[PDB]
């Protein structure tokens, strides 16, 4: 028996960890696993899924590139009676037997609360959004807005997408720095964007700025120890991958499973890094 793992991109350390979590548990339970990289492209994702259907995989674990666009691939999986579990990001359609992810609205709230307290409830905040087609991104923005709105002297002065990517985080932060001489904090919706923003800030010789990421990647934790990043909202990618395989196993054994499993989040600062 064989599991198909379709991941949005392997250019993000977060997803490399998720991949490794799935692989470790698959060995443990005696499953083969085929991991395929969608390269943030819904077309590559569909071709990846079709390859896996043709290899006769017994279950499909998918981390969608886009909430709507993924439904075609899921509905092809459905037609061939291959069970689908979504991981980290939700699908807006098709039959999905389980979804495993963080409470990303709560994660955005956590980031906002930290920033608002750290800034004594006053200042200019920049938000670097992730891929808009990812539930994770949308949810973090919603939670962040909901929490920061309670602090009227905090103004979100720029809100721009940087596609969960380090390079785009740099370039976007460059532009924002040029357009905004007063920035007191930055929330990036993932660590890769946060690291890119840091590079832009250090390049511009800005001081000065409390940078908060999302994920708890090794590079982020190192940035925090070095004092380049103030905090991150740590996720459990390896556990998400592990649970995905676990629930696949149970489902394949004829057992009913919950249809949603939340993965816990933890705020990480210098005080508790590591």
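Numbering follows the first chain given and starts at 1.
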query: 207-215 versus 43-51 - which carries the larger mean C-alpha B factor in the record; finding: 43-51
query: Entry-level comparison of average CA B-factors, 92-100 and 182-190, reporting the higher stretch; finding: 92-100
query: Maximum C-alpha temperature factor, selected from 76, 153, 145, 163; finding: 76
query: Identity of residue with top Cα B-factor, from 261, 16, 265, 252; finding: 252
query: For residue 64, the third of its chain into which the C-alpha B factor falls; finding: lowest
query: Modelled-residue ranking by C-alpha temperature factor, third containing residue 85; finding: middle
query: Third assignment of residue 239 from its chain's C-alpha B-factors; finding: middle
query: Ranked against its chain, the third holding the CA B-factor of residue 71; finding: highest
query: Lowest, middle or highest third - CA B-factor, residue 159; finding: middle
